[PDB]
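Trainee: For reference, the structure I am asking about is given below.
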Amino acid sequence: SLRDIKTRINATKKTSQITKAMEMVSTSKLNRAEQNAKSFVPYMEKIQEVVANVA
Amino acid sequence: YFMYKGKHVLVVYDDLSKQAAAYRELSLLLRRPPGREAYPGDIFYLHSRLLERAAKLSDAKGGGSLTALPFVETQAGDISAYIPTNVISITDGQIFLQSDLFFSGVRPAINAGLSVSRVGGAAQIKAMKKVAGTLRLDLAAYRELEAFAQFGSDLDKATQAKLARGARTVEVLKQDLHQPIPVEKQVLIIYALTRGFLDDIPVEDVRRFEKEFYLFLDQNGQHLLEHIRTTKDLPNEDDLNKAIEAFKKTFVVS
Amino acid sequence: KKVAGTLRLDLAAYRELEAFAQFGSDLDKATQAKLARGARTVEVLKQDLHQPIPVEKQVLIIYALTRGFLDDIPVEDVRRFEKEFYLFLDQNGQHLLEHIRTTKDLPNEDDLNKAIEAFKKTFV
Amino acid sequence: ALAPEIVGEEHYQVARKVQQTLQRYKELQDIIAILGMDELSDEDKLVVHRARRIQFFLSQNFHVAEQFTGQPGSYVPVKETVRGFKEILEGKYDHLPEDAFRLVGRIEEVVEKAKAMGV
Amino acid sequence: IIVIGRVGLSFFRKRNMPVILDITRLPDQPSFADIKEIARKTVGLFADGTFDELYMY
């Protein structure tokens with residue numbers, strides 16, 4: 001019935017909104033975490049090659 | 001007639017919609033111009049002639065009453081239809097019952113979200129007014145938070161708390177069939193719920209916490225009930241907490 | 001026609017990219033240029049209430065937008081640039097207005113940059 | 001009537017700041033509900049804290065409540081509404097607790113209600 | 001087993017396999033001092049000789 005489908009549309013629209021918002025915030029943390037890792041990547045390259053040759 | 005004598009009265013109409021249908025069939029056979037659906041245009045006047053005789057007469061007229069409880073059966077959760085919108089405009093409140101609630105274990109199934117009483121607050125006893133007013137706030141706040149956030153597994157701590165309080169609230173509001181509970185022991189269970197004495201107890205065991213508690217409340221605490229009976233007033237909070245804490249000594253958790 | 005086709009592509013491309021725009025650092029300047037152009041485009045296309053614009057200055061502001069002279073100009077003050085430009089272009093730029101009224105065509109491109117640059121300096 | 005030529009310059013800037021604050025709160029509640037509330041940035045945390053106060057201080061104590069709840073209520077001239085919201089948006093009063101702001105007619109009343117609570 | 005994360009710990013507990021060490025709810029920006037405590041514990045286990053080989057997944 002008509003008033004049965006409207007409730008399903010409304011509830012799905014609310015879940016769609018929750019999922020879109022969590023996509024935005026995960027994008028922000030992804031870009032930062034990749035930059036942070038690249039910050040510690042030269043530390044890993046430097047340390048690996050000195051610790052090997054000294055070892 | 002009984003109200004004119006001065007005694008309180010209650011009238012129940014078991015289905016108004018069947019009355020409306022009898023009017024439709026009677027009018028159509030009389031060759032009267034029809035309207036929406038086919039209901040004759042007089043329907044709203046016919047029901048208002050029925051529903052506005054209910055009253056609370058003044059002390060000069062005798063102090064009587066005539067409360068009325070009409071019922072309407074909606075087809076498949078239909079709304080905005082002709083008879084339901086007419087009656088929903090006339091009546092000073094409405095209770096909406098949900099089939100999908102009933103088959104989910106809430107009984108009698110009552111949706112707090114869509115049910116309203118314009119007179120509400122004034123009618124209650126003063127003890128009830130304090131506890132029932134806060135209970136409305138609690139259940140409205142969790143109705144929205146659960147409507148979206150229940151699908152995800154883990155949430156914020158403060159929301160997991162409000163979800164726990166709402167789940168216990170609906171389980172503590174489940175009731176049996178043809179076993180009315182006197183108001184004196186309603187306020188004491190709702191007070192135990194709102195003030196948060198039920199956190200320790202699991203959701204499944206609550207319908208037994210009630211059962212074993214009301215027996216305890218007739219074995220101990222008769223003075224509390226007596227003050228509420230005639231005063232309409234909440235007893236002193238020191239003694240009420242002493243009573244509930246003793247029962248929580250007796251009751252055995254699964 | 002020359003400045004309309006570029007503007008049409010600019011709004012079409014920015015409207016979808018704005019749905020993703022809020023992060024600030026996403027790709028290198030290639031993505032951002034579409035951010036920078038779209039932001040200035042949306043600023044220039046707004047209008048004050050009930051005051052209608054004249055055509056030859058309308059053409060000249062759209063040319064200024066779509067050729068990139070505004071790209072250094074800071075985004076916050078982009079509107080104020082139009083108000084000052086309309087009066088200055090009448091005072092100092094009349095030869096361009098006569099050119100458009102003469103030709104239906106964009107001002108002679110050689111002095112067009114210089115004449116716009118004098119306004120750009122006059123704007124503070 | 002919310003245009004500077006009809007209502008007034010300050011009134012236009014005040015009302016648009018209020019609506020932008022509440023619109024930014026309306027799109028931040030679900031993240032607050034399902035991510036940790038500490039994850040909200042300190043600037044958005046400021047918008048949250050003031051949106052809480054704004055949402056409550058649009059409530060008002062009423063003469064018609066005398067039947068339903070009994071409290072006196074009162075009347076507020078326009079200047080005191082617009083200034084009080086300028087006080088809300090400035091933020092020096094952000095220390096006073098959110099519960100005080102319900103059912104009041106002036107920011108001085110909000111100071112009094114907290115005073116009863118002792119804040 | 002050494003598990004970093006609640007849903008990992010939940011699966012391992014139902015399976016019952018032991019979890020020598022655990023840490024959870026790390027900040028979304030993890031810093032070296034945080035995971036230095038567990039890193040120094042796990043390598044302390046290998047260095048003191050309580051483990052003979054070590055893996056990461």
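Convention: chains lettered A, B, ... in structure tokens order; per-chain residue numbering from 1; ligands numbered from 1 as shown.
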Can you pull out every residue within 10 Å of residue 6 (chain E), counting only C-alpha atoms, but drop anything in the same chain fewer than 3 positions away, and send it as a list in words?

Mentor: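 Residues meeting the cut-off are residues 3, 9, 10, 11, 12, 22, 23, 24 and 25 of chain E.
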
Trainee: Those residues with N, CA and C atoms, as a short mmCIF file (atom, residue, chain, number, x, y, z; two decimals), in the first residue's frame please?

Mentor:
data_model
loop_
_atom_site.label_atom_id
_atom_site.label_comp_id
_atom_site.auth_asym_id
_atom_site.auth_seq_id
_atom_site.Cartn_x
_atom_site.Cartn_y
_atom_site.Cartn_z
N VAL E 3 46.67 -9.35 19.29
CA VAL E 3 45.68 -8.68 18.46
C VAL E 3 45.56 -7.21 18.84
N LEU E 9 39.87 -9.15 18.63
CA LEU E 9 39.78 -9.73 19.97
C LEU E 9 38.47 -10.49 20.17
N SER E 10 37.36 -9.97 19.67
CA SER E 10 36.06 -10.65 19.77
C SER E 10 36.05 -11.98 19.03
N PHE E 11 36.53 -11.99 17.78
CA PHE E 11 36.62 -13.27 17.08
C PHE E 11 37.54 -14.22 17.83
N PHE E 12 38.72 -13.76 18.25
CA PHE E 12 39.65 -14.70 18.86
C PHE E 12 39.08 -15.25 20.16
N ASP E 22 47.27 -7.14 24.24
CA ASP E 22 46.14 -6.47 23.60
C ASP E 22 46.26 -4.95 23.80
N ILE E 23 45.80 -4.20 22.79
CA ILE E 23 45.51 -2.76 22.89
C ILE E 23 44.45 -2.35 21.87
N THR E 24 43.62 -1.36 22.22
CA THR E 24 42.42 -1.01 21.46
C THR E 24 42.11 0.48 21.57
N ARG E 25 41.25 0.95 20.66
CA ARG E 25 40.79 2.36 20.58
C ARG E 25 41.94 3.35 20.40
#

Trainee: Enumerate the residues of region 3-105 of chain B with a DSSP assignment of strand (DSSP E or B), computed from the backbone, and present them as a PyMOL selection string.

Mentor: chain B and resi 10-13+67-70+93-94

Trainee: Sorted by chain and rising residue number, list the residues of chain A at most 9 Å from chain E (counting only C-alpha atoms), each with its closest atom pair and distance in Å to one decimal, as a tab-separated table.

Mentor:
residue	atom	partner	partner_atom	distance
A:29	CA	E:28	CA	7.5
A:32	CA	E:29	CA	8.4
A:33	CA	E:29	CA	6.9
A:36	CA	E:29	CA	8.2

Trainee: Need the shell around region 46-54 of chain B: protein/DNA/RNA residues with any atom at most 10 Å away, counting only C-alpha atoms. Skip same-chain ones fewer than 5 positions apart. Format as a list in words?

Mentor: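 Skipping anything fewer than 5 positions along the chain leaves residues 3, 9, 10, 11, 16, 19, 20, 23, 41, 65, 66, 67, 68, 69, 70, 83, 86, 87, 90 and 91 of chain B.
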
Trainee: Would you save the residues from that selection as a PDB file, in the first residue's frame, using N, CA, C and O atoms?

Mentor:
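The result, stored in selection_6.pdb:
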ATOM      1  N   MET B   3     -25.512  11.325  33.493  1.00  0.00           N
ATOM      2  CA  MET B   3     -24.693  12.515  33.727  1.00  0.00           C
ATOM      3  C   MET B   3     -25.517  13.679  34.290  1.00  0.00           C
ATOM      4  O   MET B   3     -25.057  14.384  35.192  1.00  0.00           O
ATOM      5  N   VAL B   9     -19.871   9.001  33.756  1.00  0.00           N
ATOM      6  CA  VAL B   9     -20.326   8.089  32.718  1.00  0.00           C
ATOM      7  C   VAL B   9     -19.163   7.835  31.763  1.00  0.00           C
ATOM      8  O   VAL B   9     -18.240   8.646  31.664  1.00  0.00           O
ATOM      9  N   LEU B  10     -19.175   6.676  31.109  1.00  0.00           N
ATOM     10  CA  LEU B  10     -18.257   6.371  30.015  1.00  0.00           C
ATOM     11  C   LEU B  10     -19.010   5.654  28.898  1.00  0.00           C
ATOM     12  O   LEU B  10     -19.707   4.676  29.170  1.00  0.00           O
ATOM     13  N   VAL B  11     -18.889   6.133  27.656  1.00  0.00           N
ATOM     14  CA  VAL B  11     -19.482   5.483  26.485  1.00  0.00           C
ATOM     15  C   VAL B  11     -18.389   4.991  25.536  1.00  0.00           C
ATOM     16  O   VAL B  11     -17.440   5.728  25.258  1.00  0.00           O
ATOM     17  N   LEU B  16     -16.838   3.002  14.822  1.00  0.00           N
ATOM     18  CA  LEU B  16     -17.594   4.044  14.123  1.00  0.00           C
ATOM     19  C   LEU B  16     -17.611   3.889  12.597  1.00  0.00           C
ATOM     20  O   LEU B  16     -18.579   4.308  11.944  1.00  0.00           O
ATOM     21  N   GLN B  19     -20.688   2.267  11.259  1.00  0.00           N
ATOM     22  CA  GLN B  19     -21.777   3.240  11.248  1.00  0.00           C
ATOM     23  C   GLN B  19     -21.704   4.133  10.012  1.00  0.00           C
ATOM     24  O   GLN B  19     -22.722   4.366   9.337  1.00  0.00           O
ATOM     25  N   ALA B  20     -20.508   4.618   9.678  1.00  0.00           N
ATOM     26  CA  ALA B  20     -20.364   5.471   8.499  1.00  0.00           C
ATOM     27  C   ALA B  20     -20.750   4.711   7.231  1.00  0.00           C
ATOM     28  O   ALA B  20     -21.414   5.259   6.342  1.00  0.00           O
ATOM     29  N   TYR B  23     -24.405   4.505   6.817  1.00  0.00           N
ATOM     30  CA  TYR B  23     -24.930   5.762   6.279  1.00  0.00           C
ATOM     31  C   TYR B  23     -24.706   5.837   4.780  1.00  0.00           C
ATOM     32  O   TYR B  23     -25.582   6.301   4.042  1.00  0.00           O
ATOM     33  N   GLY B  41     -21.914  13.859   1.593  1.00  0.00           N
ATOM     34  CA  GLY B  41     -21.253  15.017   2.199  1.00  0.00           C
ATOM     35  C   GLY B  41     -21.623  15.334   3.652  1.00  0.00           C
ATOM     36  O   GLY B  41     -20.960  16.180   4.260  1.00  0.00           O
ATOM     37  N   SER B  65     -20.022  14.095  34.036  1.00  0.00           N
ATOM     38  CA  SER B  65     -19.069  13.874  32.950  1.00  0.00           C
ATOM     39  C   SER B  65     -19.694  12.899  31.969  1.00  0.00           C
ATOM     40  O   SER B  65     -20.681  12.239  32.286  1.00  0.00           O
ATOM     41  N   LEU B  66     -19.155  12.877  30.739  1.00  0.00           N
ATOM     42  CA  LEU B  66     -19.493  11.857  29.732  1.00  0.00           C
ATOM     43  C   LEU B  66     -18.294  11.581  28.815  1.00  0.00           C
ATOM     44  O   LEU B  66     -18.299  11.882  27.634  1.00  0.00           O
ATOM     45  N   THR B  67     -17.215  10.999  29.340  1.00  0.00           N
ATOM     46  CA  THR B  67     -16.092  10.668  28.468  1.00  0.00           C
ATOM     47  C   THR B  67     -16.504   9.652  27.412  1.00  0.00           C
ATOM     48  O   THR B  67     -17.338   8.783  27.664  1.00  0.00           O
ATOM     49  N   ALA B  68     -15.935   9.780  26.211  1.00  0.00           N
ATOM     50  CA  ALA B  68     -16.233   8.878  25.103  1.00  0.00           C
ATOM     51  C   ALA B  68     -14.968   8.340  24.444  1.00  0.00           C
ATOM     52  O   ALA B  68     -13.973   9.055  24.320  1.00  0.00           O
ATOM     53  N   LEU B  69     -15.006   7.059  24.061  1.00  0.00           N
ATOM     54  CA  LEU B  69     -13.901   6.373  23.384  1.00  0.00           C
ATOM     55  C   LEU B  69     -14.397   5.745  22.086  1.00  0.00           C
ATOM     56  O   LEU B  69     -14.670   4.539  22.027  1.00  0.00           O
ATOM     57  N   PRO B  70     -14.487   6.521  21.013  1.00  0.00           N
ATOM     58  CA  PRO B  70     -14.687   5.946  19.676  1.00  0.00           C
ATOM     59  C   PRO B  70     -13.465   5.244  19.087  1.00  0.00           C
ATOM     60  O   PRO B  70     -12.316   5.593  19.371  1.00  0.00           O
ATOM     61  N   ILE B  83     -12.894   9.242   6.402  1.00  0.00           N
ATOM     62  CA  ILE B  83     -13.371   9.033   7.771  1.00  0.00           C
ATOM     63  C   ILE B  83     -12.284   9.262   8.815  1.00  0.00           C
ATOM     64  O   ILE B  83     -12.538   9.967   9.809  1.00  0.00           O
ATOM     65  N   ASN B  86     -11.662  13.035   9.171  1.00  0.00           N
ATOM     66  CA  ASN B  86     -12.774  13.692   9.850  1.00  0.00           C
ATOM     67  C   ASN B  86     -12.684  13.479  11.359  1.00  0.00           C
ATOM     68  O   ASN B  86     -12.671  14.444  12.144  1.00  0.00           O
ATOM     69  N   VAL B  87     -12.594  12.221  11.781  1.00  0.00           N
ATOM     70  CA  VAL B  87     -12.631  11.918  13.207  1.00  0.00           C
ATOM     71  C   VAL B  87     -11.384  12.448  13.908  1.00  0.00           C
ATOM     72  O   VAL B  87     -11.465  12.959  15.033  1.00  0.00           O
ATOM     73  N   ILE B  90     -12.020  15.954  14.754  1.00  0.00           N
ATOM     74  CA  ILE B  90     -12.993  16.208  15.829  1.00  0.00           C
ATOM     75  C   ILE B  90     -12.445  15.918  17.230  1.00  0.00           C
ATOM     76  O   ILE B  90     -12.635  16.719  18.153  1.00  0.00           O
ATOM     77  N   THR B  91     -11.773  14.791  17.427  1.00  0.00           N
ATOM     78  CA  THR B  91     -11.400  14.333  18.765  1.00  0.00           C
ATOM     79  C   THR B  91     -10.206  15.078  19.355  1.00  0.00           C
ATOM     80  O   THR B  91      -9.256  15.436  18.658  1.00  0.00           O
TER      81      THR B  91
END

Trainee: Near chain C, which residues of chain A fall within 12 Å when you count only C-alpha atoms, and what do they look like as number ranges by chain?

Mentor: A: 20, 23-32, 34-35

Trainee: Go ahead and save the residues from that selection, with N, CA, C and O atoms, as a PDB file, in the first residue's frame.

Mentor:
ATOM      1  N   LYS A  20      26.567   8.667   3.545  1.00  0.00           N
ATOM      2  CA  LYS A  20      27.275   9.729   2.826  1.00  0.00           C
ATOM      3  C   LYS A  20      28.172  10.543   3.770  1.00  0.00           C
ATOM      4  O   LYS A  20      29.347  10.811   3.461  1.00  0.00           O
ATOM      5  N   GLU A  23      31.199   8.719   4.622  1.00  0.00           N
ATOM      6  CA  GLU A  23      32.148   8.720   3.506  1.00  0.00           C
ATOM      7  C   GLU A  23      33.014   9.979   3.523  1.00  0.00           C
ATOM      8  O   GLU A  23      34.237   9.907   3.326  1.00  0.00           O
ATOM      9  N   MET A  24      32.407  11.132   3.804  1.00  0.00           N
ATOM     10  CA  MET A  24      33.164  12.394   3.840  1.00  0.00           C
ATOM     11  C   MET A  24      34.279  12.355   4.895  1.00  0.00           C
ATOM     12  O   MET A  24      35.465  12.619   4.600  1.00  0.00           O
ATOM     13  N   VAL A  25      33.929  11.969   6.122  1.00  0.00           N
ATOM     14  CA  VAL A  25      34.911  11.955   7.218  1.00  0.00           C
ATOM     15  C   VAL A  25      36.001  10.888   7.011  1.00  0.00           C
ATOM     16  O   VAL A  25      37.195  11.130   7.296  1.00  0.00           O
ATOM     17  N   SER A  26      35.643   9.723   6.466  1.00  0.00           N
ATOM     18  CA  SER A  26      36.678   8.742   6.142  1.00  0.00           C
ATOM     19  C   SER A  26      37.634   9.241   5.055  1.00  0.00           C
ATOM     20  O   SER A  26      38.838   8.959   5.112  1.00  0.00           O
ATOM     21  N   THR A  27      37.142  10.008   4.083  1.00  0.00           N
ATOM     22  CA  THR A  27      38.036  10.581   3.071  1.00  0.00           C
ATOM     23  C   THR A  27      39.084  11.493   3.715  1.00  0.00           C
ATOM     24  O   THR A  27      40.286  11.413   3.395  1.00  0.00           O
ATOM     25  N   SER A  28      38.651  12.315   4.667  1.00  0.00           N
ATOM     26  CA  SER A  28      39.551  13.249   5.361  1.00  0.00           C
ATOM     27  C   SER A  28      40.646  12.519   6.151  1.00  0.00           C
ATOM     28  O   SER A  28      41.846  12.832   6.025  1.00  0.00           O
ATOM     29  N   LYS A  29      40.263  11.483   6.890  1.00  0.00           N
ATOM     30  CA  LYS A  29      41.249  10.678   7.631  1.00  0.00           C
ATOM     31  C   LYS A  29      42.163   9.862   6.712  1.00  0.00           C
ATOM     32  O   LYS A  29      43.344   9.687   7.029  1.00  0.00           O
ATOM     33  N   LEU A  30      41.680   9.427   5.557  1.00  0.00           N
ATOM     34  CA  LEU A  30      42.515   8.700   4.594  1.00  0.00           C
ATOM     35  C   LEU A  30      43.642   9.586   4.063  1.00  0.00           C
ATOM     36  O   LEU A  30      44.825   9.201   4.091  1.00  0.00           O
ATOM     37  N   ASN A  31      43.301  10.790   3.614  1.00  0.00           N
ATOM     38  CA  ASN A  31      44.288  11.719   3.049  1.00  0.00           C
ATOM     39  C   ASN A  31      45.328  12.131   4.094  1.00  0.00           C
ATOM     40  O   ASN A  31      46.545  12.091   3.827  1.00  0.00           O
ATOM     41  N   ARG A  32      44.887  12.419   5.318  1.00  0.00           N
ATOM     42  CA  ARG A  32      45.844  12.716   6.388  1.00  0.00           C
ATOM     43  C   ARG A  32      46.747  11.521   6.705  1.00  0.00           C
ATOM     44  O   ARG A  32      47.957  11.694   6.856  1.00  0.00           O
ATOM     45  N   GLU A  34      47.717   8.934   4.956  1.00  0.00           N
ATOM     46  CA  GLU A  34      48.682   8.755   3.858  1.00  0.00           C
ATOM     47  C   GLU A  34      49.794   9.808   3.887  1.00  0.00           C
ATOM     48  O   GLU A  34      50.979   9.465   3.758  1.00  0.00           O
ATOM     49  N   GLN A  35      49.452  11.073   4.119  1.00  0.00           N
ATOM     50  CA  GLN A  35      50.502  12.079   4.331  1.00  0.00           C
ATOM     51  C   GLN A  35      51.363  11.747   5.559  1.00  0.00           C
ATOM     52  O   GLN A  35      52.591  11.901   5.506  1.00  0.00           O
TER      53      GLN A  35
END

Trainee: Write down, as a list in words, each residue of chain D that has any atom within 7 Å of an atom of chain B, counting only C-alpha atoms.

Mentor: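 That gives the following set of residues: residues 33, 34, 35, 36 and 68 of chain D.
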
Trainee: Deliver the residues from the most recent selection as a file, using N, CA and C atoms, as a tab-separated table (two decimals), in the first residue's frame.

Mentor:
chain	number	residue	atom	x	y	z
D	33	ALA	N	26.56	11.58	16.90
D	33	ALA	CA	25.93	10.37	17.43
D	33	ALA	C	26.77	9.12	17.19
D	34	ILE	N	27.43	8.97	16.05
D	34	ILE	CA	27.94	7.65	15.68
D	34	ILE	C	29.45	7.62	15.52
D	35	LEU	N	30.12	8.75	15.33
D	35	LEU	CA	31.54	8.82	15.65
D	35	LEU	C	31.70	9.32	17.09
D	36	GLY	N	32.92	9.20	17.62
D	36	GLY	CA	33.15	9.81	18.92
D	36	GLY	C	33.00	11.32	18.89
D	68	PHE	N	-1.16	25.84	32.42
D	68	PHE	CA	-0.58	24.50	32.31
D	68	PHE	C	0.51	24.25	33.35

Trainee: Env of residue 37 (chain B): 8 Å cut, atoms = only C-alpha atoms, seq-sep filter 2 positions within chain, self excluded. Answer as a ChimeraX atom specification.

Mentor: /B:35,39,82

Trainee: How would the residues just picked look written out with N, CA, C and O atoms as a PDB file, in the first residue's frame?

Mentor:
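Dumped everything to result-v3.pdb:
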ATOM      1  N   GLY B  35     -19.807  12.054  -2.797  1.00  0.00           N
ATOM      2  CA  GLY B  35     -18.634  12.901  -2.661  1.00  0.00           C
ATOM      3  C   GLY B  35     -17.327  12.142  -2.791  1.00  0.00           C
ATOM      4  O   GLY B  35     -17.203  11.310  -3.690  1.00  0.00           O
ATOM      5  N   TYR B  39     -18.865   8.477   0.107  1.00  0.00           N
ATOM      6  CA  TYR B  39     -19.536   8.921   1.321  1.00  0.00           C
ATOM      7  C   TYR B  39     -20.345  10.191   1.079  1.00  0.00           C
ATOM      8  O   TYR B  39     -19.824  11.137   0.479  1.00  0.00           O
ATOM      9  N   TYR B  82     -10.889   9.733   4.272  1.00  0.00           N
ATOM     10  CA  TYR B  82     -11.994  10.638   4.592  1.00  0.00           C
ATOM     11  C   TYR B  82     -12.541  10.456   6.008  1.00  0.00           C
ATOM     12  O   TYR B  82     -12.598  11.430   6.782  1.00  0.00           O
TER      13      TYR B  82
END

Trainee: Write out as a list in words which residues come within 8 Å of region 101-115 of chain B when counting only C-alpha atoms, dropping same-chain ones fewer than 4 positions away.

Mentor: residues 93, 94, 95, 96, 97, 139, 140, 143, 170, 171, 174, 175 and 176 of chain B

Trainee: Please, which residues of chain D lie no more than 12 Å from chain A when the count uses only C-alpha atoms, and can they be set out as a VMD selection string?

Mentor: chain D and resid 27 to 35 39 to 41

Trainee: Tell me which of C:39, C:49, C:30, C:11 sits closest to chain D, counting only C-alpha atoms.

Mentor: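 For chain D, the nearest of the candidates is C:49.
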
Trainee: Excluding residue 89 (chain C) and any residue of its chain fewer than 3 positions from it, enumerate the residues within 10 Å of it, using only C-alpha atoms, and give them as a PDB file with N, CA and C atoms, in the first residue's frame.

Mentor:
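That gives us out_20.pdb:
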ATOM      1  N   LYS C  57      29.481  46.396 -20.897  1.00  0.00           N
ATOM      2  CA  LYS C  57      30.209  46.120 -19.666  1.00  0.00           C
ATOM      3  C   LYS C  57      29.965  44.701 -19.183  1.00  0.00           C
ATOM      4  N   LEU C  60      32.384  42.798 -21.178  1.00  0.00           N
ATOM      5  CA  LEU C  60      33.762  43.023 -20.718  1.00  0.00           C
ATOM      6  C   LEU C  60      34.096  42.385 -19.364  1.00  0.00           C
ATOM      7  N   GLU C  84      33.849  48.616  -8.678  1.00  0.00           N
ATOM      8  CA  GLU C  84      34.906  49.554  -9.057  1.00  0.00           C
ATOM      9  C   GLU C  84      35.208  49.545 -10.556  1.00  0.00           C
ATOM     10  N   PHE C  85      35.189  48.363 -11.168  1.00  0.00           N
ATOM     11  CA  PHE C  85      35.440  48.231 -12.601  1.00  0.00           C
ATOM     12  C   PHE C  85      34.400  48.945 -13.450  1.00  0.00           C
ATOM     13  N   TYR C  86      33.120  48.829 -13.117  1.00  0.00           N
ATOM     14  CA  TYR C  86      32.085  49.431 -13.964  1.00  0.00           C
ATOM     15  C   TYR C  86      32.241  50.949 -14.112  1.00  0.00           C
ATOM     16  N   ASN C  92      38.122  55.556 -17.882  1.00  0.00           N
ATOM     17  CA  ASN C  92      39.401  55.251 -18.522  1.00  0.00           C
ATOM     18  C   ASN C  92      39.308  54.322 -19.733  1.00  0.00           C
ATOM     19  N   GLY C  93      38.268  53.496 -19.838  1.00  0.00           N
ATOM     20  CA  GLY C  93      38.142  52.434 -20.826  1.00  0.00           C
ATOM     21  C   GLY C  93      37.198  52.650 -21.993  1.00  0.00           C
ATOM     22  N   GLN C  94      36.693  53.872 -22.200  1.00  0.00           N
ATOM     23  CA  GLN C  94      35.612  54.175 -23.144  1.00  0.00           C
ATOM     24  C   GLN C  94      35.886  53.646 -24.549  1.00  0.00           C
ATOM     25  N   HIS C  95      37.140  53.716 -24.995  1.00  0.00           N
ATOM     26  CA  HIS C  95      37.543  53.164 -26.287  1.00  0.00           C
ATOM     27  C   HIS C  95      37.151  51.689 -26.466  1.00  0.00           C
ATOM     28  N   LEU C  96      37.132  50.903 -25.386  1.00  0.00           N
ATOM     29  CA  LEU C  96      36.694  49.505 -25.465  1.00  0.00           C
ATOM     30  C   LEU C  96      35.181  49.405 -25.645  1.00  0.00           C
ATOM     31  N   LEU C  97      34.444  50.273 -24.964  1.00  0.00           N
ATOM     32  CA  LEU C  97      32.991  50.333 -25.085  1.00  0.00           C
ATOM     33  C   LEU C  97      32.581  50.758 -26.489  1.00  0.00           C
ATOM     34  N   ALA C 115      44.631  48.094 -20.935  1.00  0.00           N
ATOM     35  CA  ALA C 115      43.508  48.849 -20.397  1.00  0.00           C
ATOM     36  C   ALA C 115      42.904  48.166 -19.173  1.00  0.00           C
ATOM     37  N   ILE C 116      42.755  46.838 -19.211  1.00  0.00           N
ATOM     38  CA  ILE C 116      42.286  46.095 -18.039  1.00  0.00           C
ATOM     39  C   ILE C 116      43.301  46.143 -16.894  1.00  0.00           C
ATOM     40  N   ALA C 118      45.332  48.575 -16.093  1.00  0.00           N
ATOM     41  CA  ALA C 118      45.241  49.848 -15.375  1.00  0.00           C
ATOM     42  C   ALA C 118      44.109  49.842 -14.338  1.00  0.00           C
ATOM     43  N   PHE C 119      42.961  49.251 -14.674  1.00  0.00           N
ATOM     44  CA  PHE C 119      41.917  49.041 -13.670  1.00  0.00           C
ATOM     45  C   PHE C 119      42.380  48.101 -12.566  1.00  0.00           C
TER      46      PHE C 119
END

Trainee: Kindly give the distance, in Å, that separates CA of residue 55 (chain A) and CA of residue 43 (chain A), rounded to a single decimal.

Mentor: 17.4 Å

Trainee: Specify as a PyMOL selection string all residues of chain B found within 7 Å of chain A, counting only C-alpha atoms.

Mentor: chain B and resi 76-78+148

Trainee: Could you write out, as a PyMOL selection string, all the residues of region 101-222 of chain B that DSSP marks as alpha helix (DSSP H)?

Mentor: chain B and resi 101-102+126-149+157-172+183-194+206-219+222

Trainee: Could you list, as a PyMOL selection string, every residue within 7 Å of residue 76 (chain D), counting only C-alpha atoms and ignoring same-chain residues fewer than 3 positions away?

Mentor: chain D and resi 80-81+105

Trainee: Please measure the separation of CA of residue 99 (chain C) and CA of residue 66 (chain C), giving the value in Å to one decimal.

Mentor: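 One can read the CA of residue 99 (chain C) to CA of residue 66 (chain C) distance as 19.2 Å.
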
Trainee: What's the separation between CA of residue 206 (chain B) and CA of residue 147 (chain B), in Å to one decimal place?

Mentor: 23.2 Å
